[PDB]
Amino acid sequence: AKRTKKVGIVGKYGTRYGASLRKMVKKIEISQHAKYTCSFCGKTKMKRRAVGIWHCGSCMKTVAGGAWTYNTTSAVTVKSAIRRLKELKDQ
Amino acid sequence: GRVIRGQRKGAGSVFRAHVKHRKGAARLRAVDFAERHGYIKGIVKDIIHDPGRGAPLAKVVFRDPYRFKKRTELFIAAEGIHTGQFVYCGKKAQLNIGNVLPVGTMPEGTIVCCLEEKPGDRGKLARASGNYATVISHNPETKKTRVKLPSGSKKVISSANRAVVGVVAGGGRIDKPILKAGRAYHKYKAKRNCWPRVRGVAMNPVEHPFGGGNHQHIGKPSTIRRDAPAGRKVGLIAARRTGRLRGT
RNA sequence: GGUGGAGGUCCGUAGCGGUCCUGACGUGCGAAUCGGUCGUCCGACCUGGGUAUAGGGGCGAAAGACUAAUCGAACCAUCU
RNA sequence: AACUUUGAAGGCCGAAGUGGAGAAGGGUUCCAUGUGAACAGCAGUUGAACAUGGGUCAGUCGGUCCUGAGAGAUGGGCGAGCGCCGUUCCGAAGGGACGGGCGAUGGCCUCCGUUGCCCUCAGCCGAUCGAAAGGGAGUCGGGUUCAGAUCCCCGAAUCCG
RNA sequence: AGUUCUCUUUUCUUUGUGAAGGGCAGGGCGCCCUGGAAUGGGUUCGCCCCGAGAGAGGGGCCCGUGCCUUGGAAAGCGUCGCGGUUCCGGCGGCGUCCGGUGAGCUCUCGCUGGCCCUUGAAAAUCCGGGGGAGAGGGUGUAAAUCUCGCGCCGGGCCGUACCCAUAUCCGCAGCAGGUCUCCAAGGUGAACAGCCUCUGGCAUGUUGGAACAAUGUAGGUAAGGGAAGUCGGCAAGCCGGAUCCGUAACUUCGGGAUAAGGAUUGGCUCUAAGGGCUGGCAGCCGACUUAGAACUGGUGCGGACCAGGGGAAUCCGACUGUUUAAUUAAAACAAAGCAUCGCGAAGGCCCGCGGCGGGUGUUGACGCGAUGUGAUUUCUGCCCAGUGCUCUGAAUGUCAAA
RNA sequence: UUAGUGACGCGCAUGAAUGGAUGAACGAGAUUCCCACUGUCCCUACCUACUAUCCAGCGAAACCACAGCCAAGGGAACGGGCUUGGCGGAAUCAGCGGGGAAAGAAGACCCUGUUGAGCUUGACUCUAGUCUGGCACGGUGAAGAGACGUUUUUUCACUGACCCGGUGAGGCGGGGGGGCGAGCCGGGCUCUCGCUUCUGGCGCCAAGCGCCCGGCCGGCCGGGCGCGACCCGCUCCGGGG
RNA sequence: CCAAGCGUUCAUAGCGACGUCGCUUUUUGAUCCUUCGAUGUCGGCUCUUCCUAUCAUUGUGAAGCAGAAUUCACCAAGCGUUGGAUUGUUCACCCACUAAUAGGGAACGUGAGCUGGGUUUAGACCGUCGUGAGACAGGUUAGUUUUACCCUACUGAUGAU
Ligand SMILES: [Mg+2]
Ligand SMILES: [Mg+2]
Ligand SMILES: [Mg+2]
Ligand SMILES: [Mg+2]
Ligand SMILES: [Mg+2]
Ligand SMILES: [Mg+2]
Ligand SMILES: [Mg+2]
Ligand SMILES: [Mg+2]
Ligand SMILES: [Mg+2]
Ligand SMILES: [Mg+2]
Ligand SMILES: [Mg+2]
Ligand SMILES: [Mg+2]
Ligand SMILES: [Mg+2]
Ligand SMILES: [Mg+2]
Ligand SMILES: [Mg+2]
Ligand SMILES: [Mg+2]
Ligand SMILES: [Mg+2]
Ligand SMILES: [Mg+2]
Ligand SMILES: [Mg+2]
Ligand SMILES: [Mg+2]
Ligand SMILES: [Mg+2]
Ligand SMILES: [Mg+2]
Ligand SMILES: [Mg+2]
Ligand SMILES: [Mg+2]
Ligand SMILES: [Mg+2]
Ligand SMILES: [Mg+2]
Ligand SMILES: [Mg+2]
Ligand SMILES: [Mg+2]
Ligand SMILES: [Mg+2]
Ligand SMILES: [Mg+2]
Ligand SMILES: [Mg+2]
Ligand SMILES: [Mg+2]
Ligand SMILES: [Mg+2]
Ligand SMILES: [Mg+2]
Ligand SMILES: [Mg+2]
Ligand SMILES: [Mg+2]
Ligand SMILES: [Mg+2]
Ligand SMILES: [Mg+2]
Ligand SMILES: [Mg+2]
Ligand SMILES: [Mg+2]
Ligand SMILES: [Mg+2]
Ligand SMILES: [Mg+2]
Ligand SMILES: [Mg+2]
Ligand SMILES: [Mg+2]
Ligand SMILES: [Mg+2]
Ligand SMILES: [Mg+2]
Ligand SMILES: [Mg+2]
Ligand SMILES: [Mg+2]
Ligand SMILES: [Mg+2]
Ligand SMILES: [Mg+2]
Ligand SMILES: [Mg+2]
Ligand SMILES: [Mg+2]
Ligand SMILES: [Mg+2]
Ligand SMILES: [Mg+2]
Ligand SMILES: [Mg+2]
Ligand SMILES: [Mg+2]
Ligand SMILES: [Mg+2]
Ligand SMILES: [Mg+2]
Ligand SMILES: [Mg+2]
Ligand SMILES: [Mg+2]
Ligand SMILES: [Mg+2]
Ligand SMILES: [Mg+2]
Ligand SMILES: [Mg+2]
Ligand SMILES: [Mg+2]
Ligand SMILES: [Mg+2]
Ligand SMILES: [Zn+2]
């Protein structure tokens with residue numbers, strides 16, 4: 001059964017810290033505790049070990065990722081930019 | 001009056017960095033013949049949390065070109081590198097995330113991290129989590145490069161300075177509210193004795209310029225000149241302006 | 001409807017603290033203790049030993065607090 | 001003899017103890033015998049008092065060794081100077097070794113040791129101190145005294161060299 | 001051994017086996033081989049696992065502190081009975097037995113998960129592997145060599161008593177203070193609560209006797225009223241456990257909430273339901289629970305103990321946290337959040353008499369340093385004259401030494 | 001109802017991060033009212049324990065000019081003493097709190113002192129630090145502008161002082177040698193390169209070749225050198241200066 | 001005290017101008033004589049006593065005293081003079097009962113009698129003021145109340161000549 005209407009994971013904090021801060025931290029709490037599909041082995045096991053450190057329990061690979069998400073939008077953009085500059089550099 | 005807290009921070013004592021569980025200084029490779037003239041290969045063995053640092057660190061292993069040994073380096077982990085990956089350092093390394101190249105060979109607009117302030121210093125700029133520098137331009141005649149730093153300042157550096165391609169991992173860390181004094185207690189228990197911070201107006205005049213009064217007020221302007229003596233230089237130090245930053 | 005068992009979460013012991021009685025005592029058991037009643041009790045928690053900071057100095061989640069019953073500048077000897 | 005000892009009753013602490021053992025601190029207060037001057041805020045035939053004598057046994061339980069936060073010499077620097085800073089930093093920082101070649105001495109003189117020199121090889125990169133709660137091989141059962149016992153004796157083991 | 005007037009095949013006590021070696025249970029494996037799975041299956045309290053190989057078969061390894069065995073019955077213990085100098089490790093008989101059970105408590109081993117802007121020592125020391133420089137003998141009188149089984153010798157130095165705390169320590173003392181730990185029984189009960197008891201311990205806390213006046217200190221009880229007392233309900237009192245029902249304003253939708261408000265609760269005799277093992281059934285074992293019913297007492301039943309009074313509002317501070325050791329615990333401090341300011345290292349901020357000195361810094365702007373405000377919500381208006389801070393400067397008044 | 005709450009607002013002297021307004025939850029924080037409850041009270045009583053009490057033993061201390069009954073008087077303007085009156089009778093016990101302007105501590109308040117100390121600043125006089133100019137360390141060379149071959153100054157360079165960073169000071173500069181390209185009439189040059197990028201392997205302690213030498217009987221056994229691994233150089237390599 | 005007036009009339013039932021004479025020390029002042037090697041600083045509570053300048057009650061005289069109610073005066077302090085809301089309050093105001101709800105002193109009686117609400121230390125907030133440290137007969141909140149066993153007095157208890 002649905003146990004809360006809107007707090008969800010930030011129901012652990014009760015009434016404290018304010019609705020907007022709890023609303024903000026809810027987005028991060030879901031993402032930083034999610035299990036992502038590993039791109040090396042395909043199993044949904046990519047889990048955060050520390051801030052910025054993501055580890056897959058199946059293939060044992062470790063990845064330098066984002067603080068709360070597996071990869072950041074900034075890092076994804078930079079990889080494409082570095083890929084494009086590499087082609088032009090050697091044509 | 002007595003010596004103020006800011007004065008006492010300089011003597012070391014209870015204000016020294018908490019470095020008991022840190023893993024070592026994060027650095028590039030020391031520049032040698034392989035990086036000067038070609039490239040050297042390495043393998044990312046592990047990516048580890050460093051107490052007190054937001055960014056993760058990568059443990060990279062190289063071969064020693066002169067002795068039968070394995071060299072373990074401790075790099076700032078660029079975002080997207082994984083264990084078992086091969087990284088390459090040197091003049092002729094390819095433009096890939098995690099490789100170490102001189103900024104002179106990088107095309108304009110390259111995104112780099114752990115960039116040398118001076119050629120050979122082994123990486124000093126843009127090392128915080130999520131941060132990076134950019135390459136603006138080169139002057140092959142003067143053998144120098146123009147980069148943009150995470151603060152936004154533009155700097156002219158030698159073209160021979162090395163850097164790691166990509167941005168530092170662990171980005172977006174400051175986007176999470178701490179929500180708790182206790183969580184800030186733990187953040188700084190790994191760094192140094194700087195928390196919590198008592199306000200100047202909350203003290204007596206003996207230990208602070210702003211202390212004292214029947215009302216908690218500064219009483220004197222809080223923008224303090226650049227040349228004020230230690231123990232007086234408190235508040236907004238040499239402020240060019242104050243108030244809300246409205247506009248660009 | 002169940003399962004699950006988070007929390008600077010709540011009642012409450014050990015522990016840690018010390019609100020009120022303006023209770024006891026006030027040539028005291030005690031140069032600060034005693035009783036009931038009370039705060040908190042997974043955390044910014046409690047605590048042993050080691051080690052560091054020394055007097056216009058330290059150290060202070062800040063009361064001019066603490067720095068060996070001494071603190072709006074310790075104690076000791078000297079100047080005297 | 002209200003208070004000591006024995007016996008018997010009636011009670012209390014009520015396994016977070018008023019029980020059984022340690023650390024720090026004490027330092028003989030421990031145990032036996034004697035005294036009842038002084039002390040133990042009454043008394044005492046009693047005491048942790050006084051007096052006369054005893055009592056602490058280890059490869060295996062700790063220290064001892066390691067490093068921790070840290071402390072601290074040398075090189076160097078500073079300093080009128082006692083000295084101070086500094087701990088890898090302005091240093092010719094190794095007194096070692098498989099092996100090989102030249103000799104010298106000895107002995108179970110057969111040939112091997114030891115020993116001197118030369119050749120060869122050599123990162124550790126920091127003297128030293130720092131924990132009776134951290135790391136750190138290996139001992140247990142029974143008996144035994146007034147007081148000691150995983151230490152003594154009996155039996156059975158084990159680590160290191 | 002106790003009780004035995006009556007009853008009680010009763011109540012109480014007690015009923016071993018060390019280290020090390022061997023074997024075997026048990027536990028664990030992210031170890032191997034066959035094979036190839038959707039009608040997906042396996043599986044936990046939860047999870048979680050699989051074509052990167054699931055189920056199902058057959059193996060391997062690690063720990064085995066459990067049991068057996070050597071130790072080892074010779075000892076220890078219980079009990080009965082004999083001896084001595086009788087201060088003997090004295091000598092004999094018998095015994096040291098068979099099962100069950102548990103979210104029980106304590107310890108431990110293991111598996112699996114959660115939390116971190118926290119990621120939770122170093123070294124001495126020991127080991128395995130990769131390589132193959134070398135060495136060993138020429139078929140024997142075998143050699144180099146051996147982390148295998150026996151056997152031989154040694155292990156020095158210092159500590160070691162006792163107290164460990166309402167009398168061995170610190171507070172001038174045998175001071176109601178302070179002072180770090182380990183073990184931890186039965187009953188009631190949710191319980192390391194309180195109350196009673198066993199093992200162990202003690203003698204009432206630096207004296208006794210006799211009285212039972214006032215005034216005290218500490219406990220109680222009071223007709224009728226019910227805060228009229230007092231600055232103020234200070235103090236005391238009321239409520240209180242559990243089950244069943246029921247629960248508002250407001251709210252940041254998490255709460256408020258044990259809101260508020262009711263009913264019930266003992267004893268006894270029953271009924272039903274909830275499981276395991278062996279071979280839709282049969283038999284044999286069992287662990288406390290829940291619900292319901294009758295009967296029953298002078299309506300007494302959470303019978304002691306344990307154990308929230310409640311509601312409507314206003315001010316302040318968001319909260320948890322901290323503080324004037326010894327008159328102030330608070331609205332003060334901190335806090336997350338918010339906003340400013342300096343700094344790209346020959347740097348910012350700071351220490352230092354001193355230097356190629358030192359802290360931040362094992363750091364690098366998502367950082368470090370310096371201030372203000374003080375969660376969230378909503379907003380943060382006008383003023384650069386003053387005082388500050390800051391920016392430009394040979395264009396340029398005053399302006400030291402040289 | 002000098003209290004509380006809600007309104008009003010020309011507000012002595014409210015007001016926007018010297019933050020304004022709010023608001024759930026929370027509070028040993030301040031305040032008002034209501035239910036319940038009661039000895040807070042009307043208005044007190046009784047009971048229990050330990051005292052006090054009396055006894056045996058044992059046994060302090062604070063304090064003390066002499067002392068210790070009052071009325072009035074006058075008096076340093078509130079007498080235990082003095083004057084005038086009232087009056088006065090051993091030694092003691094339990095209580096008590098009127099007095100002793102009781103004890104306690106050379107008044108903290110207030111003033112004075114040519115006595116201080118903590119703190120502040122637009123006080124006076126200084127001072128660490130800091131910014132700034134000059135002189136020295138402190139050099140080499142080109143230009144520009146001046147002054148009379150010398151000399152001042154500006155710019156640009158240099159390195160060798162001086163500083164910084166890295167490293168176990170491990171391949172620096174120049175030349176040679178070699179490879180792919182270009183292009184002029186096979187050779188010379190423009191000019192560039194120095195052998196590693198797929199995979200979570202391995203990688204040292206030289207192979208090979210050339211030339212010498214030793215011991216033993218062309219054959220065995222064993223050494224030395226060189227190339228492999230280019231040569232020459234004055235700062236280890238960079239960055240400043 | 002005088003008496004212009006008021007009181008329909010009428011100075012004096014009851015009042016009383018312009019003037020003037022006193023008393024009191026429960027108001028505030030003025031002064032600075034005592035106390036700064038300290039006389040505990042408001043209010044309440046509690047408890048006794050005293051004054052009279054009499055509110056009530058007893059006995060009376062006078063009224064513009066018909067009665068009732070009331071007013072003025074005399075002897076007079078024997079006995080009374082209350083319960084409450086707001087406030088720390090003294091003071092004040094209101095509710096209610098009453099014969100009446102009088103006024104005062106006793107070191108502005110009374111803190112080794114209490115309480116500690118206010119004032120009046122150190123913490124903290126607001127406003128105004130100050131550049132500031134800080135200040136404010138301006139608000140606010142929290143803030144240790146010591147000793148009797150001596151002498152006397154008093155209360156009771158033995159006793160003494
Ligand atoms: Mg100052
Ligand atoms: Mg303060
Ligand atoms: Mg809690
Ligand atoms: Mg709680
Ligand atoms: Mg008290
Ligand atoms: Mg007393
Ligand atoms: Mg702390
Ligand atoms: Mg200092
Ligand atoms: Mg203060
Ligand atoms: Mg004990
Ligand atoms: Mg003992
Ligand atoms: Mg005695
Ligand atoms: Mg003894
Ligand atoms: Mg030193
Ligand atoms: Mg040592
Ligand atoms: Mg040790
Ligand atoms: Mg032995
Ligand atoms: Mg299987
Ligand atoms: Mg036997
Ligand atoms: Mg091998
Ligand atoms: Mg012992
Ligand atoms: Mg007793
Ligand atoms: Mg006794
Ligand atoms: Mg005692
Ligand atoms: Mg006692
Ligand atoms: Mg009653
Ligand atoms: Mg009644
Ligand atoms: Mg009242
Ligand atoms: Mg009253
Ligand atoms: Mg109360
Ligand atoms: Mg409520
Ligand atoms: Mg309001
Ligand atoms: Mg608070
Ligand atoms: Mg603290
Ligand atoms: Mg205090
Ligand atoms: Mg307190
Ligand atoms: Mg500000
Ligand atoms: Mg301005
Ligand atoms: Mg009221
Ligand atoms: Mg109002
Ligand atoms: Mg504004
Ligand atoms: Mg304001
Ligand atoms: Mg006596
Ligand atoms: Mg006198
Ligand atoms: Mg006389
Ligand atoms: Mg008196
Ligand atoms: Mg006095
Ligand atoms: Mg004085
Ligand atoms: Mg004084
Ligand atoms: Mg004078
Ligand atoms: Mg002075
Ligand atoms: Mg001073
Ligand atoms: Mg001046
Ligand atoms: Mg007339
Ligand atoms: Mg005078
Ligand atoms: Mg005079
Ligand atoms: Mg006096
Ligand atoms: Mg007095
Ligand atoms: Mg009269
Ligand atoms: Mg008075
Ligand atoms: Mg008095
Ligand atoms: Mg008093
Ligand atoms: Mg008060
Ligand atoms: Mg105050
Ligand atoms: Mg102001
Ligand atoms: Zn994976």
Side-chain angles (χ1 to χ4, degrees), chain A residues 39-41 49 52-56 59-65 75 78-79 82-83 85-86 89-90, chain B residues 22-50 53 55-106 110-127 132-133 158-170:
Chain A
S39 54
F40 306 88
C41 76
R49 178 179 281 162
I53 301 181
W54 297 79
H55 178 73
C56 177
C59 58
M60 314 289 335
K61 208 130 286 164
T62 314
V63 182
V78 165
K79 200 184 157 185
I82 293 293
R83 180 194 317 130
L85 283 170
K86 198 194 171 170
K89 169 141 96 154
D90 57 59
Chain B
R22 295 190 190 194
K23 311 298 166 211
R27 295 183 295 179
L28 305 174
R29 272 183 86 256
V31 67
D32 63 343
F33 182 97
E35 294 207 44
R36 271 207 304 275
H37 301 283
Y39 71 82
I40 180 167
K41 187 168 91 171
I43 183 165
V44 185
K45 292 292 208 167
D46 209 3
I47 301 167
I48 57 183
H49 181 266
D50 189 30
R53 185 195 309 271
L57 306 175
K59 179 185 304 313
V60 184
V61 167
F62 296 74
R63 280 171 69 234
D64 195 290
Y66 314 106
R67 303 173 177 79
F68 190 57
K69 269 181 186 183
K70 291 296 179 65
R71 300 300 189 182
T72 313
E73 310 290 320
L74 194 61
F75 288 5
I76 305 285
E79 213 207 287
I81 72 175
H82 61 90
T83 59
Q85 175 180 341
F86 295 136
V87 291
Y88 310 71
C89 317
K91 173 178 177 182
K92 287 186 176 316
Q94 301 171 11
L95 198 72
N96 277 103
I97 301 282
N99 291 0
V100 172
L101 289 72
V103 292
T105 56
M106 295 184 194
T110 323
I111 305 304
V112 298
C113 60
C114 197
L115 170 64
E116 308 196 323
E117 190 166 46
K118 296 277 174 70
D121 74 26
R122 307 181 70 163
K124 297 294 182 80
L125 313 175
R127 322 205 322 161
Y132 62 86
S158 164
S159 276
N161 292 13
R162 288 170 297 147
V164 191
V165 184
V167 312
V168 187

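Letters A, B, ... are given to chains in the order of the sequence lines, protein chains preceding strands, and every chain is numbered from 1.
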Open item on the list: Run the side chain to side chain contact (heavy atoms under 4.5 Å, CB included) test on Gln94(B) and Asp90(A) for me, step by step, so that the C-alpha distance in whole Å, both residues' side-chain angles and the decisive distance to 0.1 Å come before the verdict.
Closed with: CA-CA 10 Å; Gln94(B) 301 171 11; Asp90(A) 57 59; over 6 Å; no
TODO: Measure the spacing between CD1 of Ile111(B) and CD1 of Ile97(B) and express it to the nearest 0.5 Å.
DONE: 9.0 Å
Task: Crowding at NZ, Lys61(A) (>12 non-hydrogen neighbours, <6.0 Å) - done: yes
- [ ] Verify, without hydrogens or angle tests, whether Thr62(A) (side chain) and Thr83(B) (backbone) share a donor-acceptor contact under 3.5 angstrom.
- [x] no
Open item on the list: Please report the interatomic distance CG(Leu101(B)) to CG(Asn161(B)), rounded to the nearest 0.5 Å.
Closed with: 13.0 Å
Open item on the list: Please find the pair of heavy atoms, one from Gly65(A) and one from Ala169(B), that lie closest to each other, and give the distance.
Closed with: O-CB, 3.5 Å
Could you pull out every donor-acceptor pair under 3.5 Å between side chains of residues 40-48 of chain B and any protein atom, sequence neighbours left out?
none

TODO: Report yes if some heavy atom in the side chain of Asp32(B) is under 4.5 Å from a heavy atom in the side chain of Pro65(B); otherwise report no.
DONE: yes
TODO: With sequence neighbours excluded, tell me which residues meet salt bridge (charged side-chain N to carboxylate O under 4.0 Å, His left out) with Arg53(B).
DONE: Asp50(B)
Open item on the list: Working to the nearest 0.5 angstrom, can you tell me the gap between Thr105(B) OG1 and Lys89(A) NZ?
Closed with: 4.5 Å
Task: Partner residues of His49(B) under the side chain to side chain contact (heavy atoms under 4.5 Å, CB included) criterion, sequence neighbours left out - done: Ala50(A), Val51(A), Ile53(A), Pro51(B)
Task: Considering all heavy atoms, the nearest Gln85(B)-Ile81(B) contact - done: OE1-CA, 3.2 Å
Open item on the list: Could you work out, with ring-ring contact (aromatic ring centres under 6.0 Å, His included) as the rule, every residue matching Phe33(B), not counting sequence neighbours?
Closed with: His37(B)
Open item on the list: Using side chain to side chain contact (heavy atoms under 4.5 Å, CB included), reason through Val87(B) and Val100(B) one step at a time and then give a plain yes or no.
Closed with: CA-CA 8 Å; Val87(B) 291; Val100(B) 172; over 6 Å; no
Open item on the list: Just to verify, what does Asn96(B) make a side-chain hydrogen bond (donor to acceptor under 3.5 Å, both in side chains) with, not counting sequence neighbours?
Closed with: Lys86(A)
Open item on the list: Any non-hydrogen side-chain atom of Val112(B) less than 4.5 Å from a side-chain atom of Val164(B)?
Closed with: no
Task: Residues in side-chain hydrogen bond (donor to acceptor under 3.5 Å, both in side chains) contact with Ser159(B), at least two apart in sequence or another chain - done: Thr145(B)
Task: With sequence neighbours excluded, residues passing salt bridge (charged side-chain N to carboxylate O under 4.0 Å, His left out) with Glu116(B) - done: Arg162(B)
TODO: Any chance you could measure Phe68(B), atom CZ, to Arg63(B), atom CZ, to the nearest 0.5 Å?
DONE: 8.5 Å
Task: With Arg83(A) via side-chain hydrogen bond (donor to acceptor under 3.5 Å, both in side chains) - residues at least two apart - done: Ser80(A)
Task: Parallel, tilted or perpendicular: ring planes of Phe75(B) versus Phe62(B), cut at 30 and 60 degrees - done: tilted
TODO: Give every residue pair that meets the salt bridge (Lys or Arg N to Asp or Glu O under 4.0 Å) criterion with at least one member in residues 72-95 of chain B, sequence neighbours excluded.
DONE: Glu73(B)-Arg122(B)
Task: For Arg71(B), all residues meeting side-chain hydrogen bond (donor to acceptor under 3.5 Å, both in side chains), sequence neighbours excluded - done: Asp64(B)
Open item on the list: Restricting to non-hydrogen atoms, name the atom on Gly170(B) and the atom on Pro56(B) that form the minimum distance, rounded to 0.1 Å.
Closed with: N-CD, 4.1 Å
TODO: Over all heavy atoms of both residues, which pair between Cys113(B) and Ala78(B) is shortest? Give the atoms and the distance, please.
DONE: SG-CB, 4.2 Å
Open item on the list: Going by the rule side chain to side chain contact (heavy atoms under 4.5 Å, CB included), which residues pair with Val63(A) if we only count those two or more places apart in sequence or in a different chain?
Closed with: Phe40(A), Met46(A), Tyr70(A), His82(B)
Task: Any residue meeting salt bridge (charged side-chain N to carboxylate O under 4.0 Å, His left out) with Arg36(B), in chain and number order, not counting sequence neighbours - done: none
Task: Close side-chain approach of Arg29(B) and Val60(B), heavy atoms under 4.5 Å - done: no
Task: Distance-minimising heavy-atom pair for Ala126(B) and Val168(B) - done: O-CG2, 3.6 Å
- [ ] Of all the heavy-atom pairs spanning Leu115(B) and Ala133(B), show the shortest one and how long it is.
- [x] CD2-CB, 4.1 Å
- [ ] Compare all side-chain heavy atoms of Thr110(B) with those of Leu95(B) and state whether any distance is below 4.5 angstrom.
- [x] yes
